[PDB]
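What follows is one chain in structure tokens, specifically the form deposited in one PDB entry.
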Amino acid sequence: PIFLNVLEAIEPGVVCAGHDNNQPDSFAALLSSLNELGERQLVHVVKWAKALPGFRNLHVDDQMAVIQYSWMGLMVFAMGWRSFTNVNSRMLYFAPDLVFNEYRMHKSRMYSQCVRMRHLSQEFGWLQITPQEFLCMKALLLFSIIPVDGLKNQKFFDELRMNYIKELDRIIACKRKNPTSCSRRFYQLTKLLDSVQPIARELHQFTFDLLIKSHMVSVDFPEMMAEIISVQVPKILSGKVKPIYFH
């Protein structure tokens, strides 16, 4: 189980937001903590991605672009799984010190997106998603959103993606003889994977609008994040960069 050994080994540890939970909730404070957390997380996502089997096959410029475009979806997926395993989807577990209840969901002005993410979180339970299916699916999300014009080396990307889809096949094929059971499983998962994109899209839009009026809402945006939102996210919202759906 070489492939799974590796994913397990590189899976990031706990990342805290540094939020002050002794202070009443406020839009500004919550979003400032979400931005800070996002920035702390990106550092880990980058290190994780670069340690993924075959990732260095990609062109240097494609590596970062791919990481920045898929960043949101990866987090959404992981956060959903964390919510599932930690609080049984009761609340959104962004971090041990940044857990959202309905009040915070409403206060953050990200209610609709939070509700979709909670539903995703419940999906891991309804579908009895295994810890290993989760790891492979999350890896697959890194190769699920590219520019319409293609990357420097599209072919190496396509190869990479194809090989990851196959590993997911393998984790499903294991302990499964009847093809009809595997085909049904593959359907549910690819179907689950597709659902992540629309959620990331909504967060992107929310994040973009917020950055534009940040100076009006007293919301602090970290250096790196701001750059990605202003340079990368617009490409996604304008359609130049799009996700790869299964269905």
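In this text, rigid core is short for the largest set of C-alphas that superpose within 1.5 Å between two forms. Sequential numbering from 1, following the sequence displayed.
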| property | result |
| --- | --- |
| Of 165-173 and 126-134, which departs more from this form in 7 other deposited structures of this protein by CA RMS after core fitting | 165-173 |
| Stretch with the higher entry mean CA B-factor, where the candidates are 149-157 and 118-126 | 149-157 |
| Segment of higher mean CA temperature factor, 171-179 or 79-87 | 171-179 |
| Peak C-alpha temperature factor (PDB record), options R40, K47, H215, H204 | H215 |
| Top Cα B factor in the deposited entry, candidates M225, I10, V233, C16 | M225 |
| Third of the chain's Cα B-factor distribution that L31 belongs to, per the entry | lowest |
| Within-chain third of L58 by Cα B-factor, per the entry | highest |
| Third of the chain's Cα B-factor distribution that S195 belongs to, per the entry | lowest |
| Entry-reported Cα temperature factor of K166, expressed as the chain third it lands in | middle |
| Relative C-alpha B-factor of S70, binned into the chain's lowest, middle or highest third | lowest |
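The discussion below concerns the form deposited with a partner chain bound, not included here.
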| query | finding |
| --- | --- |
| Distance check, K50 to its partner chain in the deposited bound form, heavy atom within 4.5 Å | yes |
| Distance check, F221 to its partner chain in the deposited bound form, heavy atom within 4.5 Å | no |
| Distance check, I228 to its partner chain in the deposited bound form, heavy atom within 4.5 Å | yes |
| Partner proximity in the deposited bound form: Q68 to its partner chain, non-hydrogen atom cutoff 4.5 Å | yes |
| Stretch in contact in the deposited bound form with its partner chain, which is absent here, among 196-204, 39-47, 25-33, 211-219 (heavy atoms within 4.5 Å) | 39-47 |
